[PDB]
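J.: Structure provided below as structure tokens; questions to follow.
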Amino acid sequence: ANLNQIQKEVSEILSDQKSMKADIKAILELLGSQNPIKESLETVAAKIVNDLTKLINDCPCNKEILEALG
Amino acid sequence: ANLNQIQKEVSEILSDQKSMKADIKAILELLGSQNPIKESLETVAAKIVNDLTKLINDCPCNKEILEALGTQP
Amino acid sequence: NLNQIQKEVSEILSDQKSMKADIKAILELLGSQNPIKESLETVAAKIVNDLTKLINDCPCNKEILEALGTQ
Amino acid sequence: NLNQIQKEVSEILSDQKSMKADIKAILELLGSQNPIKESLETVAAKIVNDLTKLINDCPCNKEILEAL
Ligand SMILES: [Cl-]
């Protein structure tokens, strides 16, 4: 009765992993499918500053003052 | 040395692995909950640029200058 | 034959041990940081507030008022 | 029964060695990276500093002073 209990639990351990392996794979396929943070942050920061480096050179506030200056 | 000890050992492995399976599941259900960084950035970066666009297009500094020019803003 | 089974089984255990410690480390790392949406909001707010303060503080106006004839 | 068990045990041990190495690597990866809140502070300060460069420069004064 001893050996069978060991046989049962051993079979269960070995089975148990295969769904554990499926999960570890999913975590590695998930980590290696996203972009790095520093590359992502540069690209969006560079977009914020570009969009604003343009509107500030746009000089929206020049009009009304040039209206009064004629 | 003996089958009795092996049995405790085997049971202990089994138990701990069960715990580990659940703990691994959690890691996955928590890297999975974390939604795209590349999508979260774009939405916030739009909100930053929108706000500061509203401010600039308000021309806060014209009031002082139009005052000197004798014209209402 | 129970010697070899005992040696393997101890080595399975000893490894689960180190495995355990790593999952713990992974769960601590992930579990201990602000949601991505939360951390991006405080930074964004930081930026706007840092830039509003400068803009509202009207830096370029004195050069104009000087040229206009004021001071 | 016994040789059966000795084989599943070898199989558990070997299959686990690969799991433990992948787990170590998951950790390796979440280490290679510096905290998200830590990298956002740095990229934020350059965003403001360089628009600070732009605004303090007064790109909109040239057109006003030309009328004065
Ligand atoms: Cl992450």
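The chains in the structure tokens are called A, B, ... from first to last as shown; in each chain the residues are counted from 1, and the ligands are counted from 1 in the order shown.
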Give me, as an NGL selection string, the residues of chain D touching chain A, with the criterion being at most 7 Å (counting only C-alpha atoms).
T.: :D and (5 or 8 or 12 or 19 or 26 or 43 or 47 or 51 or 59-60 or 64 or 67)
J.: Go ahead and save the residues from that selection, with C-alpha atoms, as a PDB file, in the first residue's frame.
T.:
ATOM      1  CA  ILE D   5       9.221   5.284  -9.729  1.00  0.00           C
ATOM      2  CA  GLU D   8       9.447   9.320 -12.960  1.00  0.00           C
ATOM      3  CA  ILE D  12      10.743  15.171 -12.363  1.00  0.00           C
ATOM      4  CA  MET D  19      11.842  25.149 -15.063  1.00  0.00           C
ATOM      5  CA  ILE D  26      12.124  35.710 -15.689  1.00  0.00           C
ATOM      6  CA  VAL D  43      12.715  61.624 -18.789  1.00  0.00           C
ATOM      7  CA  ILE D  47      11.128  67.290 -21.142  1.00  0.00           C
ATOM      8  CA  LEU D  51      11.010  73.400 -23.222  1.00  0.00           C
ATOM      9  CA  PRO D  59      11.130  82.841 -30.115  1.00  0.00           C
ATOM     10  CA  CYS D  60       8.089  85.141 -30.410  1.00  0.00           C
ATOM     11  CA  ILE D  64       6.968  92.024 -31.989  1.00  0.00           C
ATOM     12  CA  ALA D  67       7.022  96.392 -35.234  1.00  0.00           C
TER      13      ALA D  67
END
J.: Residues within 8 Å of ligand 1 should be enumerated using only C-alpha atoms and all ligand atoms and returned as a PyMOL selection string.
T.: (chain A and resi 31) or (chain B and resi 31+34) or (chain C and resi 30) or (chain D and resi 30)
J.: What does the file look like for those residues with C-alpha atoms, as a compact mmCIF listing (two decimals), in the first residue's frame?
T.:
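Below is the file that was written, out_8.txt:
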# COMPACT_ATOMS: atom_id res chain seq x y z
CA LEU A 31 8.08 39.62 -21.28
CA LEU B 31 1.97 40.70 -15.92
CA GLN B 34 -0.53 45.23 -16.59
CA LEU C 30 5.97 43.00 -9.30
CA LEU D 30 12.63 42.04 -14.51
J.: Counting only C-alpha atoms, figure out which residue out of C:48, C:24, C:60, C:37 gets nearest to chain D.
T.: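 Of C:48, C:24, C:60, C:37, the one nearest chain D is C:60, counting only C-alpha atoms.
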J.: Go through chain B and collect every residue that DSSP, computed from the backbone, puts in alpha helix (DSSP H); the answer should be as an MDAnalysis selection string.
T.: chainID B and resid 3:31 37:56 62:68
J.: Using only C-alpha atoms, pick whichever of C:43, C:2, C:69, C:11 has the shortest atom-to-atom distance to chain B.
T.: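 For chain B, the nearest of the candidates is C:2.
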J.: Residues of chain D within 10 Å of chain B, counting only C-alpha atoms, what are they? List them as a PyMOL selection string.
T.: chain D and resi 9+23+36
J.: Pull out every residue of chain C sitting within 12 Å of chain A, counting only C-alpha atoms, and send them as a PyMOL selection string.
T.: chain C and resi 2+5+9+12+23+26+36+40+44+47-48+51+55+58+60-61+64-65+68
J.: Near chain C, which residues of chain B fall within 9 Å when you count only C-alpha atoms, and what do they look like as a ChimeraX atom specification?
T.: /B:1-3,5-6,9-10,12-13,16-17,20,23-24,26-27,30-31,34-35,37,40-41,44-45,47-49,51-52,55-56,59-62,64-65,68-69
J.: For a test of reading the model, state the distance in Å between CA of residue 18 (chain B) and CA of residue 30 (chain A), rounded to one decimal.
T.: 22.7 Å
J.: Please identify all residues of chain B having at least one atom at most 6 Å from any atom of chain A, considering only C-alpha atoms, and return them as a list in words.
T.: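 Per the criterion, chain B yields residues 7, 14, 21, 28 and 59 of chain B.
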J.: Could the residues in this selection be saved with C-alpha atoms as a PDB file, in the first residue's frame?
T.:
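And here's out.pdb as it stands now:
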ATOM      1  CA  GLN B   7       7.268   9.135   1.037  1.00  0.00           C
ATOM      2  CA  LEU B  14       4.013  17.603  -4.216  1.00  0.00           C
ATOM      3  CA  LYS B  21       1.916  26.448  -9.586  1.00  0.00           C
ATOM      4  CA  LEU B  28       1.158  35.540 -15.158  1.00  0.00           C
ATOM      5  CA  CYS B  59      -1.933  83.676 -24.130  1.00  0.00           C
TER       6      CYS B  59
END
J.: For chain C, which of D:62, D:34, D:20, D:1 is the closest residue, counting only C-alpha atoms?
T.: D:20
J.: For chain D, which residue out of C:67, C:53, C:42, C:21 is the nearest one, using only C-alpha atoms?
T.: C:67
J.: Give me, please, the distance in Å between CA of residue 22 (chain C) and CA of residue 24 (chain D), quoted to one decimal.
T.: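 Straight-line distance from CA of residue 22 (chain C) to CA of residue 24 (chain D) works out to 6.7 Å.
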J.: Between CA of residue 32 (chain D) and CA of residue 29 (chain C), what is the distance, to one decimal in Å?
T.: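 Taking CA of residue 32 (chain D) as the start and CA of residue 29 (chain C) as the end point, the length is 12.5 Å.
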